[PDB]
Amino acid sequence: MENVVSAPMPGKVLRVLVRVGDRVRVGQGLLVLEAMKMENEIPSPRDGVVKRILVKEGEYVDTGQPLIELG
């Protein structure tokens with residue numbers, strides 16, 4: 001059951017913290033989203049493997065936009 005991490009709010013991708021193929025833990029930061037005058041680390045919802053990274057540093061995203069797919 002692959003699943004997708006989508007943006008919970010609009011903002012700018014400031015940093016991507018993982019690479020395709022990385023093992024991740026639940027709660028691990030996948031990227032940093034600039035929003036509400038803060039940096040916001042967007043978490044993995046579960047243990048797994050990063051299958052796809054769908055955004056790049058510098059990119060603006062909106063709510064519901066797919067960011068990361070887990071395998």
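What counts as what
- Residues numbered from 1 in each chain as written, not as in the entry; some residues may be left out.
- Heavy atoms only, no water.
- Helix = DSSP H or I, 4+ residues; strand = E, 2+ residues; numbered from the N terminus.
- Rg over C-alpha atoms; globule rule 2.2 N^0.38 Å.
- Buried < 20%, exposed > 50% of the residue type's maximum accessible area, 1.4 Å probe, protein only.
- Areas by Shrake-Rupley, 256 points an atom, 1.4 Å probe, with all protein chains shown as cover.
- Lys, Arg positive; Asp, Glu negative; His and termini not counted.
- Charge placed at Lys NZ, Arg CZ, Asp CG, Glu CD.
- Contact = heavy atoms within 4.5 Å.

As recorded in the PDB header, X-ray crystallography is the method behind this entry, and the stated resolution is 1.5 Å.

S.K.: Honestly, the overall build of the protein chain in this entry has me stumped. Any pointers?
M.R.: The secondary structure content of the protein chain amounts to 0 helices and 8 strands. Across the protein chain, helices and strands are ordered from the amino to the carboxyl terminus as β-β-β-β-β-β-β-β. Relative to the globule expectation of 11 Å for 71 residues, the C-alpha radius of gyration of the protein chain, 11 Å, shows essentially globular dimensions. If you line up the protein chain on its principal axes, its C-alpha atoms span 30 × 15 × 15 Å. In the protein chain, which comprises 71 residues, the proportion classed as buried is 37%. Accessible area for the protein chain stands at about 4,400 Å²; split by element, carbon and sulfur atoms hold 54% of it. Across the protein chain, the mean location of the 10 positive side-chain charges is 5 Å away from that of the 10 negative side-chain charges.

S.K.: Help me understand unusual backbone geometry in this model?
M.R.: Phi is positive for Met36, close to 55°, though the residue is something other than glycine. Within the secondary structure, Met36 sits in the loop between β4 (29-35) and β5 (38-43). We note that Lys37 has phi near 60°; this positive angle belongs to a residue other than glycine. Mapped onto the elements, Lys37 comes out in the loop between β4 and β5. Under the relative-accessibility criterion, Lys37 is labelled exposed at 81%.

S.K.: Just to check I follow, could you spell out the side chain of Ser44 for this structure?
M.R.: Along the polypeptide, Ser44 turns up in the loop between β5 and β6 (48-53). Excluding residues within four positions of it along the chain, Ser44 makes contact with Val24, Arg25, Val26, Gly27, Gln28, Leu30 and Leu70.

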